[PDB]
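Contents: one structure, followed by commentary.
There are 2 protein chains.
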Amino acid sequence: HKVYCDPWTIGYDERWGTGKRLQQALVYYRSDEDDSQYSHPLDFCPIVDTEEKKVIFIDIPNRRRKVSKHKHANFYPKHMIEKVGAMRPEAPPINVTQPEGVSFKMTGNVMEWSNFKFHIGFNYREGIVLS
Amino acid sequence: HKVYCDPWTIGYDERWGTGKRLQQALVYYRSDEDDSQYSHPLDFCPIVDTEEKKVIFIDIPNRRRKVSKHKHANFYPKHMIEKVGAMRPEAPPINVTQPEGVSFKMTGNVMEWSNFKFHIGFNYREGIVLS
Numbered sequence: 149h150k151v152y153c154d155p156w157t158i159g160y161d162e163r164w165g166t167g168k169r170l171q172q173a174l175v176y177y178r179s180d181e182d183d184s185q186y187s188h189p190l191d192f193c194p195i196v197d198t199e200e201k202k203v204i205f206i207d208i209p210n211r212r213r214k215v216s217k218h219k220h221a222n223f224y225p226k227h228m229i230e231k232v233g234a235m236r237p238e239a240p241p242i243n244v245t246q247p248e249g250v251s252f253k254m255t256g257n258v259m260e261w262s263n264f265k266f267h268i269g270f271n272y273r274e275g276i277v278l279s
Numbered sequence: 149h150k151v152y153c154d155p156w157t158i159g160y161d162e163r164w165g166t167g168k169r170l171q172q173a174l175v176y177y178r179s180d181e182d183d184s185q186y187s188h189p190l191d192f193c194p195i196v197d198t199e200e201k202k203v204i205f206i207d208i209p210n211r212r213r214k215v216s217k218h219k220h221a222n223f224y225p226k227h228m229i230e231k232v233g234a235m236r237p238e239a240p241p242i243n244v245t246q247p248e249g250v251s252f253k254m255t256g257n258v259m260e261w262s263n264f265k266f267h268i269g270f271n272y273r274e275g276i277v278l279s
């Protein structure tokens, strides 16, 4: 339950081509759920059949490297306080305010600003699309 | 039943890699079983799953070419007699005879001849293997 993995496309593996929808799992380990797993990668790489939902192969290195026994390299405040004495004091705020509103005008997805006019679109792939 | 094909390895097709044991069929057509099918190839190429014993894909050209309507290009005597008027007359024989036997001596697969001595092996892959 402490073993995690980032699921990636296999990218391309000549052993299977497009004959099977595959993923490769970059394996990591957390000694605690709040850890950043990236300090503890594992040395092998499981290949998974997306549709069949099962591991069909595991790429294992000739040279084996067991889990790192070092502390995880974490970054949340509690972690930091522990790492370095404590967190830096909150800093004086810099507040940004637009009392009379903004100068741009949006009509649906159509934007209007400083003489510019365009449509702001968006899709699953490209993300933002200006037209 | 007039459609034939020479079964080849797919060789290599990046669409499947080694994920499936595949064959590609070079398709031909005989208007008569005694024909040499090679004057009549077809334009498409079926991909077959060896283990599953079934066509999993067919490569079809963008430009279609239907069966040739010409006579098959045959080479057996009956074909030749028809093609050119007739066969050449049998030629005077040249007989080779070794009345007192051969000069080489084989002891099992071991050969001995003209001071040479070697073992004649054979296997499924390489064929003859001299050792």
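Protein chains in written order, with the authors' numbering: chain F, 149 to 279; chain A, 149 to 279. Beta carbons: idealized from backbone N, C-alpha and C, even for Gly.
Pairwise C-beta distances place the segment 186 to 206 of chain A in contact with the segment 160 to 175 of chain A, as three or more of them are shorter than 8 angstroms.
Between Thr166 (chain A) and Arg163 (chain F), the C-beta gap is smaller than 7 angstroms, which places the two residues in contact. Non-local beta-carbon contacts of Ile206 (chain A) in its own chain, meaning distances under 6 angstroms to residues more than five positions away in sequence, involve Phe192 and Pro194 in chain order. The Cβ-Cβ distance between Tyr177 (chain F) and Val215 (chain F) falls below 7 angstroms. Residue pairing by DSSP places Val175 (chain F) opposite F:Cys153 in a beta bridge.
Out of F:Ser279, F:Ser184 and F:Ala221, the CA that lies nearest to the CA of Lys265 (chain F) is found in F:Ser279.
Within the DSSP bridge table, the entry for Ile276 (chain A) names A:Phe270 as partners.
Here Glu260 (chain F) carries a strand assignment [DSSP, helix/strand/coil]. With respect to chain A, the C-beta atom of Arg163 (chain F) has a partner C-beta closer than 7 angstroms.
In the three-state reduction of the DSSP assignment, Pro225 (chain A) falls in the helix class, which pools H, G and I. By the Cβ neighbour-count rule, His267 (chain A) is exposed, with fewer than 16 other Cβ atoms within 10 Å of its own. Closer than 8 angstroms at the C-beta level to chain A, one finds no residue of the segment 228 to 257 of chain F. In the structure shown, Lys231 (chain F) falls within a helical segment according to DSSP collapsed to helix, strand and coil. The CB of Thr166 (chain F) comes closer than 7 angstroms to the CB of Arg163 in chain A, given here in chain order.
Fully enclosed beta strand (DSSP E) runs of no fewer than 3 residues occupy 193 to 197 and 202 to 207 of the segment 189 to 216 of chain F, in order along the chain. In this structure, the beta-carbon distance from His220 (chain F) to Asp183 (chain F) falls below 7 angstroms.
The beta carbon of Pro155 (chain F) sits closer than 7 angstroms to those of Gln171 and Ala173, all from its chain and outside the five residues before and after it, given in chain order. Beyond the five residues adjoining it in sequence on each side, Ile208 (chain F) comes within less than 7 angstroms, by CB distance, of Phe192 in the same chain, given in chain order. Contact between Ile229 (chain A) and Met235 (chain A) is confirmed by a C-beta separation of about 6 angstroms, below the 8 angstroms threshold. Non-local C-beta neighbours of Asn271 (chain A) in its own chain, meaning closer than 7 angstroms and more than five positions away in sequence, comprise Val277, ordered along the chain. A:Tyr186 is the residue among A:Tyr186, A:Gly159 and A:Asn210 whose C-alpha sits nearest the C-alpha of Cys153 (chain A). Listed in chain order, the non-local C-beta contacts of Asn222 (chain A) below 7 angstroms within the same chain comprise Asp183 and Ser184, local neighbours out to five positions each way being set aside.
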